[PDB]
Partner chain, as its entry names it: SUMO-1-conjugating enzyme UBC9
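First, one chain by itself in structure tokens, the form deposited without the partner chain.
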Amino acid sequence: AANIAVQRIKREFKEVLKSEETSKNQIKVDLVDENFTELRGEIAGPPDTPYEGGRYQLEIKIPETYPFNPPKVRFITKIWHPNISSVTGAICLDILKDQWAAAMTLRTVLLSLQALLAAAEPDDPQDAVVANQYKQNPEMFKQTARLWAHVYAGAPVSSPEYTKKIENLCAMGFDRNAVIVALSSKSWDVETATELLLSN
């Protein structure tokens, strides 16, 4: 590995550990094994957003060409957000594709990903289905995201309606996360969600 890459990752890793934002349990970094090529990141949901109370694990891969290309980042924790794929965790954020700058850091990426949760950009969408629900029925997006925040990211309990329809359909033998997905993506239409689930 280029010495510039490993020295910089080590320094930026240490910096995040010692950060104030880590001290306030807002961001953190971990090793996954004895290298600095893959890291695990963690961000706390911003306050006054459906993600509040939740924590989101991040898969972080550092390319050979660091610091002149951005880290490759993906949500490991599932999340309902227009600029993050509800299926794969892929991220649409400019500093991870075309607006990377060599002076940016691990710290800076993590706080930008947190800011992205508090400020979705729905006309640069990643998940068309999420982004349309975001735009067309804001309150349903908010309650769906809060629900995903609760079941996947450890946030406190979400709307009990959504918990109801998830119950009714879970009784019919469907997998619980498949039901969550199905119901969320069909905008809590119990009919069309059931029609989709049957093709499993």
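Positions refer to the first chain, counted from 1. Superpose the two forms; the largest set of C-alphas matching within 1.5 Å is the rigid core.
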Selected stretch [higher average CA B-factor]: 128-136 or 40-48: 128-136
Report the stretch with the higher mean CA temperature factor, choosing between 173-181 and 6-14 on the basis of the entry. 173-181
Would you please rank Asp98 by its C-alpha temperature factor against the other modelled residues of its chain and give the third it falls in: lowest, middle or highest? middle
Is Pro122 in the lowest, middle or highest third of its chain when residues are ranked by C-alpha B-factor? highest
Check where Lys61 lands among this chain's C-alpha B-factors and tell me if it's the lowest, middle or highest third. lowest
Would you please rank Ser159 by its C-alpha temperature factor against the other modelled residues of its chain and give the third it falls in: lowest, middle or highest? highest
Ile166, C-alpha B-factor rank within chain (lowest, middle or highest third): highest
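Not on display, but discussed next: the form solved in complex with the partner chain.
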Would you confirm whether the three residues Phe174, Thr194 and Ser199 all fall within 4.5 Å of the partner chain in the entry with it bound, going by non-hydrogen atoms? yes
Mover between the shown form and the other one (rigid core aligned, C-alpha >= 2 Å shift), picked from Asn132, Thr163, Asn35, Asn69, is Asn35
